[PDB]
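Chemist: I'd like to ask some things about the structure below.
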Amino acid sequence: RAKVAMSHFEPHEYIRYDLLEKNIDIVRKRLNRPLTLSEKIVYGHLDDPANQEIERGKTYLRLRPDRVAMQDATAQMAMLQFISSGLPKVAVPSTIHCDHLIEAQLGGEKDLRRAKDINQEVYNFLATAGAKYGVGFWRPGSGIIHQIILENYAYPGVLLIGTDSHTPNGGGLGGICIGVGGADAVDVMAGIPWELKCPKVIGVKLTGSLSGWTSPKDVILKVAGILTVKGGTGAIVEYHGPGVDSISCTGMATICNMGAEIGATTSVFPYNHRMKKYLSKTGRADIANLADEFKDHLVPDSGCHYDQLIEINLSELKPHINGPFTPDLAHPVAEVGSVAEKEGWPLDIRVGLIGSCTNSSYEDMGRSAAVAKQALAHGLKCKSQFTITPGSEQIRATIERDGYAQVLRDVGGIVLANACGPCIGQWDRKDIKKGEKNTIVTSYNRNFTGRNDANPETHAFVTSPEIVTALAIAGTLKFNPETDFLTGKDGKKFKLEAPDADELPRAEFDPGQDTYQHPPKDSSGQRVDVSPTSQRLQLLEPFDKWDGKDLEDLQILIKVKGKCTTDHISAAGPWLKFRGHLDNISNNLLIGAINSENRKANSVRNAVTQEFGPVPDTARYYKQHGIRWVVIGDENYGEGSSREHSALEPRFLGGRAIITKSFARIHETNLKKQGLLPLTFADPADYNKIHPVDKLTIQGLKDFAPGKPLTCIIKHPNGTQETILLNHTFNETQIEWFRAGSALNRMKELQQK
Ligand SMILES: O=C([O-])/C=C(/C(=O)[O-])[C@@H](O)C(=O)[O-]
Ligand code: SF4
């Protein structure tokens, strides 16, 4: 067909739209109905399009991704599992991105130089393992993973999986990009088919056009308030409508990105002329030309059926700010001042932060600089502290060149290294004490308890970069940029003008410095060394196979009340130092979850000693004494980040099952991958029948089967027993992971030894 390379770094890997077309055509002859765009790309990547059972929300699809992307806080454990597999090389184009371990302290260059000294052990390990197994490596400083992906790797119709829940960002370029745990990435790098539950499709029809202060971020802050953090679970969100051509390509990526906060499997936009423009400006005019020839397959079919349809009129949409402790608590910026006052949220803004993968593009930096230049023209500077993270080295070099970075420095901002930084808590924050109540406003996406600075009393609000800039200048949540006045140096009252800025550089992007390291695919004679006394890296010892018995008289380690994100289960921030060391990072297990017994975080009753203490210590005491334990959870357990450490850590410390009212998708898959049993209440009111003091017997594991419930006997201390039923979503592939002790153990069994 055409021989168009997948990226500038893989000149020999060609885009296979011929394959995609071929598969869409097998499937539509079977289904005889219009297909949505996400159905065309997902079913077009089926391992077996002729025989695959396709029922939305019901069957598990066996798929063949085009490429794998990893960031350095999850790549370490994905590569340690890959090293256990014993396989010699990755089977599909794969990259490692070093963006999560650079701490914000001194700003830009000084922080990067310091992270390279401090994290030498880990960057060495990832570069060496990348060279040995044929994985491309983007060096520290290169940029946040999703911005490097949109700039170099995402294209219309790609199916990309990434070890990061914001991999959906690539939906801004018409690809299906899905976040997974490290063990799922091991499946694809190993060449075995990846399984995904067939998604429902929510359509969001965009009407009108964005005007003034309203930005792409407001579309997804509004959708999150409408759908709530659990409303997109099990579905792909497909944006369509006349309003789409009003949004820039990085704007569409912003909206697809934060679809992660409603639990969606991913989000996508149809191929259109804004995408084409972005592809040509990023040196990929040949891919835009090929996608023009296959365009029918890169837009939805006429009259396709959405399981839910939402319509948003972009012209009536106004600026929003979401939070404080969930991203779906949505307020118009015009009302946040009064709600904060009413609710006791601090009105003074201590720090305004722009960046993260959600809002770090060239256009976001231009729109922020446009607010800031107006303040500067009146002799004002920021009243709040103000930090700026460029998304990639190319964006940093270009905003510097085009003058935006100096405007942002002159109003009072500090430009940080091209890295996650304060978004995953990598921030040496010293202006507040721990436990001090304060408000920060960010252009990030999550605002979970203690995630940005480890202070559970920080009230963080997420909004657009131009509203962060306007609120940082005013210093208070009681300031609406659309209606209120500032007072210049000169004594006159002035109003801020709605920002306007170019979506892309008029001139070409300046690439900045060299940060990609291609694998030698010649040599590969690297020995990967992991020192046996390392505190940051540890080779894995396989988990135990199932003993063949039911699980009787399980102790409850903790019955969790309310919201329990993966940041509650396995905190980030300072714990990122141990992301390649399972035993050391297991010391944070569930320290943020709230215990229903006493309403406290990290304080549970040891059943043997009758002392209340830290959850990790108590799980290790039970493991030491052979007591097998369970966690009981509430709704949407494991919400948030894809980090598989939230499943590896309970397995490592002796946990057996997690029984909840519902699970977020990636965490439920990570639990099944590590040989734990994620089970849900067949009647969610049974959560109230289980007391912290009960012992539980799970029965029926011997004829464990897809669609059959398991029985749970609740043994109350007074002698009363009650039987309840527990549902699971295991298919027979996944039951084999459980019988083997983990999916990795199962994979190694199939190696005929
Ligand atoms: O902890 C991790 O390295 C995983 C992430 C994820 O999958 O989203 C992180 O980027 C985040 O934002 O929590
Ligand atoms: S959400 Fe934050 S921590 Fe996760 S990839 Fe994006 S910028 Fe990094």
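Residue numbers start at 1 in each chain; chains themselves are named A, B, ... in the order of the structure tokens; ligands are numbered from 1 in the order shown.
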Would you mind listing what lies within 8 Å of range 464-479 of chain A as a PDB file with C-alpha atoms, in the first residue's frame, with only C-alpha atoms counted and same-chain residues fewer than 3 positions away left out?
Modeler:
ATOM      1  CA  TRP A 213     -12.668  33.056  28.371  1.00  0.00           C
ATOM      2  CA  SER A 215     -11.576  27.047  26.807  1.00  0.00           C
ATOM      3  CA  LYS A 217     -10.818  22.490  29.664  1.00  0.00           C
ATOM      4  CA  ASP A 218     -14.333  23.837  30.474  1.00  0.00           C
ATOM      5  CA  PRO A 319     -15.496  29.102  32.674  1.00  0.00           C
ATOM      6  CA  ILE A 321     -13.352  25.442  38.347  1.00  0.00           C
ATOM      7  CA  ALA A 334     -18.559  33.267  38.714  1.00  0.00           C
ATOM      8  CA  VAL A 336     -16.844  29.661  43.292  1.00  0.00           C
ATOM      9  CA  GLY A 337     -16.160  32.714  45.557  1.00  0.00           C
ATOM     10  CA  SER A 338     -19.565  32.422  47.231  1.00  0.00           C
ATOM     11  CA  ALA A 340     -16.063  28.725  49.054  1.00  0.00           C
ATOM     12  CA  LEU A 347     -10.489  32.077  49.738  1.00  0.00           C
ATOM     13  CA  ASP A 348      -6.884  33.190  49.470  1.00  0.00           C
ATOM     14  CA  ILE A 349      -4.869  31.395  46.839  1.00  0.00           C
ATOM     15  CA  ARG A 350      -1.392  30.527  47.956  1.00  0.00           C
ATOM     16  CA  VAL A 351      -0.091  29.024  44.667  1.00  0.00           C
ATOM     17  CA  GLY A 352      -1.385  28.978  41.080  1.00  0.00           C
ATOM     18  CA  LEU A 353       0.124  26.147  38.978  1.00  0.00           C
ATOM     19  CA  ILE A 354      -0.170  25.695  35.193  1.00  0.00           C
ATOM     20  CA  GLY A 355       0.984  22.556  33.475  1.00  0.00           C
ATOM     21  CA  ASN A 359      -2.848  21.768  29.966  1.00  0.00           C
ATOM     22  CA  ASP A 364      -2.147  27.015  26.791  1.00  0.00           C
ATOM     23  CA  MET A 365       1.145  28.882  27.357  1.00  0.00           C
ATOM     24  CA  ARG A 367      -3.402  32.006  26.385  1.00  0.00           C
ATOM     25  CA  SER A 368      -1.791  32.341  29.908  1.00  0.00           C
ATOM     26  CA  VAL A 371      -3.643  37.347  30.550  1.00  0.00           C
ATOM     27  CA  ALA A 372      -0.281  38.051  32.111  1.00  0.00           C
ATOM     28  CA  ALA A 375      -1.466  42.662  34.108  1.00  0.00           C
ATOM     29  CA  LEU A 380       0.867  44.370  38.321  1.00  0.00           C
ATOM     30  CA  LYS A 381       2.485  41.024  39.170  1.00  0.00           C
ATOM     31  CA  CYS A 382       1.035  37.852  40.756  1.00  0.00           C
ATOM     32  CA  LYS A 383      -0.190  38.045  44.289  1.00  0.00           C
ATOM     33  CA  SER A 384      -0.137  34.192  44.610  1.00  0.00           C
ATOM     34  CA  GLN A 385       3.070  32.203  44.000  1.00  0.00           C
ATOM     35  CA  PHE A 386       2.882  31.036  40.300  1.00  0.00           C
ATOM     36  CA  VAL A 441      -5.585  26.407  42.009  1.00  0.00           C
ATOM     37  CA  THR A 442      -4.087  24.358  39.160  1.00  0.00           C
ATOM     38  CA  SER A 443      -4.648  23.554  35.477  1.00  0.00           C
ATOM     39  CA  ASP A 484     -14.382  42.229  38.076  1.00  0.00           C
ATOM     40  CA  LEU A 486      -8.136  45.086  39.153  1.00  0.00           C
ATOM     41  CA  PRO A 499      -7.128  35.882  26.076  1.00  0.00           C
TER      42      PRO A 499
END
Chemist: Which protein, DNA or RNA residues have an atom within 10 Å of ligand 1, counting only C-alpha atoms and all ligand atoms, as a PDB file with C-alpha atoms, in the first residue's frame?
Modeler:
ATOM      1  CA  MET A  70       5.639   3.848  29.478  1.00  0.00           C
ATOM      2  CA  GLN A  71       6.559   6.681  31.870  1.00  0.00           C
ATOM      3  CA  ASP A  72       9.380   6.168  34.400  1.00  0.00           C
ATOM      4  CA  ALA A  73       7.251   5.812  37.578  1.00  0.00           C
ATOM      5  CA  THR A  74       5.411   2.767  36.066  1.00  0.00           C
ATOM      6  CA  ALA A  75       8.063   1.586  33.564  1.00  0.00           C
ATOM      7  CA  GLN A  76      10.318   0.231  36.308  1.00  0.00           C
ATOM      8  CA  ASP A  99       8.954  12.640  33.388  1.00  0.00           C
ATOM      9  CA  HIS A 100       7.735  11.623  36.911  1.00  0.00           C
ATOM     10  CA  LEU A 101      10.819  11.829  39.063  1.00  0.00           C
ATOM     11  CA  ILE A 144       5.577  14.792  30.002  1.00  0.00           C
ATOM     12  CA  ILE A 145       4.759  11.452  28.305  1.00  0.00           C
ATOM     13  CA  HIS A 146       1.471  12.476  26.713  1.00  0.00           C
ATOM     14  CA  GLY A 162       0.342   3.366  27.845  1.00  0.00           C
ATOM     15  CA  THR A 163       1.086   2.587  31.517  1.00  0.00           C
ATOM     16  CA  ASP A 164      -0.645   5.759  32.607  1.00  0.00           C
ATOM     17  CA  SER A 165      -4.389   6.579  33.043  1.00  0.00           C
ATOM     18  CA  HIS A 166      -4.046   9.834  30.970  1.00  0.00           C
ATOM     19  CA  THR A 167      -2.921   7.935  27.784  1.00  0.00           C
ATOM     20  CA  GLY A 179      -4.314   3.367  29.946  1.00  0.00           C
ATOM     21  CA  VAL A 180      -3.285   0.022  31.482  1.00  0.00           C
ATOM     22  CA  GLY A 181      -1.219  -1.424  34.365  1.00  0.00           C
ATOM     23  CA  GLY A 182       2.397  -2.534  33.746  1.00  0.00           C
ATOM     24  CA  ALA A 260      -9.914   9.664  32.737  1.00  0.00           C
ATOM     25  CA  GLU A 261     -11.596  11.397  35.703  1.00  0.00           C
ATOM     26  CA  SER A 356       0.429  18.846  33.616  1.00  0.00           C
ATOM     27  CA  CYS A 357      -0.383  16.703  30.543  1.00  0.00           C
ATOM     28  CA  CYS A 420       4.868  16.095  36.126  1.00  0.00           C
ATOM     29  CA  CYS A 423       1.019  17.150  39.757  1.00  0.00           C
ATOM     30  CA  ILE A 424       2.183  13.747  41.379  1.00  0.00           C
ATOM     31  CA  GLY A 425       3.456  15.494  44.556  1.00  0.00           C
ATOM     32  CA  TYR A 444      -4.206  19.844  36.358  1.00  0.00           C
ATOM     33  CA  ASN A 445      -6.854  17.127  36.479  1.00  0.00           C
ATOM     34  CA  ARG A 446      -6.968  15.446  39.891  1.00  0.00           C
ATOM     35  CA  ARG A 451      -1.695  14.342  46.190  1.00  0.00           C
ATOM     36  CA  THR A 565      -8.566   6.255  44.986  1.00  0.00           C
ATOM     37  CA  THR A 566      -5.224   4.534  44.088  1.00  0.00           C
ATOM     38  CA  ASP A 567      -3.575   7.642  45.687  1.00  0.00           C
ATOM     39  CA  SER A 570      -0.547   3.596  47.264  1.00  0.00           C
ATOM     40  CA  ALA A 571       0.458   7.234  47.643  1.00  0.00           C
ATOM     41  CA  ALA A 572       2.799   8.950  45.198  1.00  0.00           C
ATOM     42  CA  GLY A 573       4.973  12.038  46.063  1.00  0.00           C
ATOM     43  CA  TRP A 575       7.009   7.110  47.713  1.00  0.00           C
ATOM     44  CA  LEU A 576       7.921   7.382  43.983  1.00  0.00           C
ATOM     45  CA  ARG A 579       8.501   2.370  42.508  1.00  0.00           C
ATOM     46  CA  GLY A 640      -7.709   7.237  39.550  1.00  0.00           C
ATOM     47  CA  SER A 641      -4.161   6.438  38.597  1.00  0.00           C
ATOM     48  CA  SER A 642      -3.346   3.226  36.827  1.00  0.00           C
ATOM     49  CA  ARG A 643      -0.358   2.368  39.190  1.00  0.00           C
ATOM     50  CA  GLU A 644      -0.277  -1.439  39.521  1.00  0.00           C
ATOM     51  CA  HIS A 645       1.542  -1.055  42.882  1.00  0.00           C
ATOM     52  CA  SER A 646      -1.943  -0.659  44.442  1.00  0.00           C
ATOM     53  CA  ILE A 666      -7.813  -0.424  35.552  1.00  0.00           C
TER      54      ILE A 666
END
Chemist: Applying 7 Å and only C-alpha atoms, which residues near residue 407 in chain A remain after dropping the ones on its own chain fewer than 4 positions away? List them as a list in words.
Modeler: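 Those residues are residues 369, 372, 373, 403 and 411 of chain A.
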Chemist: Report as a list in words all protein, DNA and RNA residues lying within 9 Å of residue 671 in chain A, evaluated on only C-alpha atoms, omitting residues in the same chain fewer than 4 positions from it.
Modeler: residues 644, 646, 647, 648, 651, 657, 658, 666, 667, 675, 676, 677 and 678 of chain A
Chemist: Write the selection just made, keeping N, CA, C and O atoms, as a PDB file, in the first residue's frame?
Modeler:
ATOM      1  N   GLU A 644      -0.024  -0.046  39.137  1.00  0.00           N
ATOM      2  CA  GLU A 644      -0.277  -1.439  39.521  1.00  0.00           C
ATOM      3  C   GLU A 644       0.226  -1.805  40.922  1.00  0.00           C
ATOM      4  O   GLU A 644      -0.139  -2.835  41.485  1.00  0.00           O
ATOM      5  N   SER A 646      -0.811  -0.544  43.543  1.00  0.00           N
ATOM      6  CA  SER A 646      -1.943  -0.659  44.442  1.00  0.00           C
ATOM      7  C   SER A 646      -2.485  -2.066  44.440  1.00  0.00           C
ATOM      8  O   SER A 646      -3.347  -2.358  45.269  1.00  0.00           O
ATOM      9  N   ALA A 647      -2.149  -2.900  43.449  1.00  0.00           N
ATOM     10  CA  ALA A 647      -2.549  -4.307  43.465  1.00  0.00           C
ATOM     11  C   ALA A 647      -1.381  -5.233  43.907  1.00  0.00           C
ATOM     12  O   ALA A 647      -1.566  -6.259  44.569  1.00  0.00           O
ATOM     13  N   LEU A 648      -0.137  -4.910  43.528  1.00  0.00           N
ATOM     14  CA  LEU A 648       1.045  -5.641  43.893  1.00  0.00           C
ATOM     15  C   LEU A 648       1.274  -5.569  45.381  1.00  0.00           C
ATOM     16  O   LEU A 648       1.600  -6.606  45.976  1.00  0.00           O
ATOM     17  N   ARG A 651      -1.031  -7.966  47.440  1.00  0.00           N
ATOM     18  CA  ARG A 651      -0.646  -9.353  47.185  1.00  0.00           C
ATOM     19  C   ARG A 651       0.611  -9.698  47.973  1.00  0.00           C
ATOM     20  O   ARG A 651       0.708 -10.696  48.669  1.00  0.00           O
ATOM     21  N   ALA A 657      -8.277 -11.045  48.781  1.00  0.00           N
ATOM     22  CA  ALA A 657      -9.427 -10.603  48.028  1.00  0.00           C
ATOM     23  C   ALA A 657      -9.778  -9.183  48.469  1.00  0.00           C
ATOM     24  O   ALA A 657      -9.323  -8.758  49.553  1.00  0.00           O
ATOM     25  N   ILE A 658     -10.523  -8.458  47.610  1.00  0.00           N
ATOM     26  CA  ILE A 658     -10.931  -7.080  47.822  1.00  0.00           C
ATOM     27  C   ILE A 658     -12.374  -7.172  47.417  1.00  0.00           C
ATOM     28  O   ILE A 658     -12.632  -7.524  46.262  1.00  0.00           O
ATOM     29  N   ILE A 666      -9.225  -0.034  35.633  1.00  0.00           N
ATOM     30  CA  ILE A 666      -7.813  -0.424  35.552  1.00  0.00           C
ATOM     31  C   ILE A 666      -7.412  -1.162  36.825  1.00  0.00           C
ATOM     32  O   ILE A 666      -6.750  -2.195  36.761  1.00  0.00           O
ATOM     33  N   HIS A 667      -7.846  -0.677  38.001  1.00  0.00           N
ATOM     34  CA  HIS A 667      -7.525  -1.332  39.236  1.00  0.00           C
ATOM     35  C   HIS A 667      -8.117  -2.723  39.293  1.00  0.00           C
ATOM     36  O   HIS A 667      -7.386  -3.602  39.749  1.00  0.00           O
ATOM     37  N   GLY A 675      -3.189 -12.027  40.798  1.00  0.00           N
ATOM     38  CA  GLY A 675      -3.680 -13.197  41.491  1.00  0.00           C
ATOM     39  C   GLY A 675      -4.574 -12.919  42.692  1.00  0.00           C
ATOM     40  O   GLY A 675      -4.797 -13.810  43.532  1.00  0.00           O
ATOM     41  N   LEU A 676      -5.143 -11.709  42.790  1.00  0.00           N
ATOM     42  CA  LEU A 676      -6.092 -11.407  43.860  1.00  0.00           C
ATOM     43  C   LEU A 676      -7.478 -11.576  43.300  1.00  0.00           C
ATOM     44  O   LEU A 676      -7.677 -11.703  42.084  1.00  0.00           O
ATOM     45  N   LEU A 677      -8.470 -11.633  44.170  1.00  0.00           N
ATOM     46  CA  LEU A 677      -9.827 -11.805  43.750  1.00  0.00           C
ATOM     47  C   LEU A 677     -10.567 -10.507  43.916  1.00  0.00           C
ATOM     48  O   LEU A 677     -10.942 -10.245  45.067  1.00  0.00           O
ATOM     49  N   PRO A 678     -10.828  -9.676  42.889  1.00  0.00           N
ATOM     50  CA  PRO A 678     -11.706  -8.517  43.010  1.00  0.00           C
ATOM     51  C   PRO A 678     -13.155  -8.973  42.932  1.00  0.00           C
ATOM     52  O   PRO A 678     -13.589  -9.569  41.939  1.00  0.00           O
TER      53      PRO A 678
END
Chemist: Which residues are near residue 32 in chain A? Cut-off 12 Å, only C-alpha atoms, ignore same chain within fewer than 6 positions. Put them as a ChimeraX atom specification.
Modeler: /A:24-26,301,304
Chemist: Please, could you write that set of residues out with C-alpha atoms as an mmCIF file, in the first residue's frame?
Modeler:
data_model
loop_
_atom_site.group_PDB
_atom_site.id
_atom_site.type_symbol
_atom_site.label_atom_id
_atom_site.label_comp_id
_atom_site.auth_asym_id
_atom_site.auth_seq_id
_atom_site.Cartn_x
_atom_site.Cartn_y
_atom_site.Cartn_z
ATOM 1 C CA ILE A 24 -13.688 -3.086 9.727
ATOM 2 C CA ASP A 25 -15.114 -4.692 6.668
ATOM 3 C CA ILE A 26 -15.136 -8.215 8.146
ATOM 4 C CA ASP A 301 -20.650 6.000 10.414
ATOM 5 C CA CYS A 304 -24.319 5.061 14.585
#
Chemist: Using only C-alpha atoms, find the one residue out of A:455, A:447, A:692, A:462 that sits nearest to residue 431 in chain A.
Modeler: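 Distance minimum relative to residue 431 in chain A lands on A:455.
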Chemist: One decimal, in Å: what's the spacing between CA of residue 556 in chain A and CA of residue 638 in chain A?
Modeler: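 Computed distance, CA of residue 556 in chain A to CA of residue 638 in chain A, equals 17.7 Å.
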Chemist: Smallest atom-to-atom distance to ligand 2: which of A:103, A:47, A:683, A:343, using only C-alpha atoms and all ligand atoms?
Modeler: A:103
Chemist: I'd like the neighbourhood of residue 391 in chain A as a list in words, where a residue qualifies if any of its atoms comes within 6 Å (using only C-alpha atoms), though same-chain residues fewer than 3 positions away should be ignored.
Modeler: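 Within the cut-off, the hits are residues 143, 144, 147, 360, 361 and 418 of chain A.
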Chemist: Once you have the residues from the selection above, write them out as a PDB file, in the first residue's frame, restricted to N, CA, C and O atoms.
Modeler:
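Final output, saved to result.pdb:
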ATOM      1  N   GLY A 143      10.055  15.757  28.323  1.00  0.00           N
ATOM      2  CA  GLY A 143       8.703  16.246  28.477  1.00  0.00           C
ATOM      3  C   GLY A 143       7.822  15.217  29.129  1.00  0.00           C
ATOM      4  O   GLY A 143       8.220  14.058  29.292  1.00  0.00           O
ATOM      5  N   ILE A 144       6.596  15.665  29.413  1.00  0.00           N
ATOM      6  CA  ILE A 144       5.577  14.792  30.002  1.00  0.00           C
ATOM      7  C   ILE A 144       5.198  13.807  28.889  1.00  0.00           C
ATOM      8  O   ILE A 144       5.008  14.200  27.724  1.00  0.00           O
ATOM      9  N   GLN A 147       2.505  14.559  26.030  1.00  0.00           N
ATOM     10  CA  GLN A 147       2.834  15.650  25.123  1.00  0.00           C
ATOM     11  C   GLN A 147       3.853  15.105  24.135  1.00  0.00           C
ATOM     12  O   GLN A 147       3.697  15.326  22.938  1.00  0.00           O
ATOM     13  N   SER A 360      -0.643  21.854  29.074  1.00  0.00           N
ATOM     14  CA  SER A 360       0.719  22.345  28.957  1.00  0.00           C
ATOM     15  C   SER A 360       1.154  22.605  27.536  1.00  0.00           C
ATOM     16  O   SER A 360       2.368  22.652  27.267  1.00  0.00           O
ATOM     17  N   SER A 361       0.206  22.790  26.604  1.00  0.00           N
ATOM     18  CA  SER A 361       0.544  22.945  25.202  1.00  0.00           C
ATOM     19  C   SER A 361       1.045  24.332  24.890  1.00  0.00           C
ATOM     20  O   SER A 361       0.927  25.248  25.698  1.00  0.00           O
ATOM     21  N   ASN A 418      10.357  20.279  32.379  1.00  0.00           N
ATOM     22  CA  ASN A 418       9.310  19.707  31.530  1.00  0.00           C
ATOM     23  C   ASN A 418       8.983  18.348  32.165  1.00  0.00           C
ATOM     24  O   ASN A 418       9.527  17.326  31.714  1.00  0.00           O
TER      25      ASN A 418
END
Chemist: What gap, in Å, lies between CA of residue 699 in chain A and CA of residue 662 in chain A?
Modeler: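 CA of residue 699 in chain A sits 20.3 Å away from CA of residue 662 in chain A.
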Chemist: Using only C-alpha atoms and all ligand atoms, which residue out of A:427, A:629, A:687, A:123 lies closest to ligand 2?
Modeler: A:427
Chemist: Please determine, counting only C-alpha atoms, which residue among A:250, A:426, A:751, A:609 has the shortest atom-to-atom distance to residue 105 in chain A.
Modeler: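 Answer, going by the shortest atom-to-atom distance: A:426.
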Chemist: Please report the interatomic distance between CA of residue 501 in chain A and CA of residue 395 in chain A in Å with one decimal.
Modeler: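 Going from CA of residue 501 in chain A over to CA of residue 395 in chain A covers 14.6 Å.
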Chemist: Would you mind telling me which residue in A:158, A:630, A:376, A:79 lies nearest to residue 693 in chain A when using only C-alpha atoms?
Modeler: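 Closest residue, counting only C-alpha atoms: A:630.
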Chemist: Contacts of residue 728 in chain A at 10 Å or less, counting only C-alpha atoms, minus same-chain residues fewer than 5 places along, as a list in words?
Modeler: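 Here the qualifying residues turn out to be residues 659, 668, 677, 678, 679, 680, 681, 682, 704, 705, 706, 707, 708, 709 and 710 of chain A.
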Chemist: Would you please extract all helix (DSSP H, G or I) residues from range 3-242 of chain A, as assigned by DSSP on the backbone, and give them as an MDAnalysis selection string?
Modeler: chainID A and resid 17:31 37:43 72:85 108:118 120:133 145:152 167:173 182:190 216:227 242
Chemist: Using DSSP on the backbone coordinates, identify all residues within range 472-688 of chain A classified as strand (DSSP E or B); present the result as a ChimeraX atom specification.
Modeler: /A:476,485-487,493-495,516-517,537,551-560,565,580,594-595,601,604-605,612-613,629-632,637,639,655-660,663,677-681
Chemist: Counting only C-alpha atoms and all ligand atoms, which of A:554, A:102, A:653, A:314 gets nearest to ligand 2?
Modeler: A:102
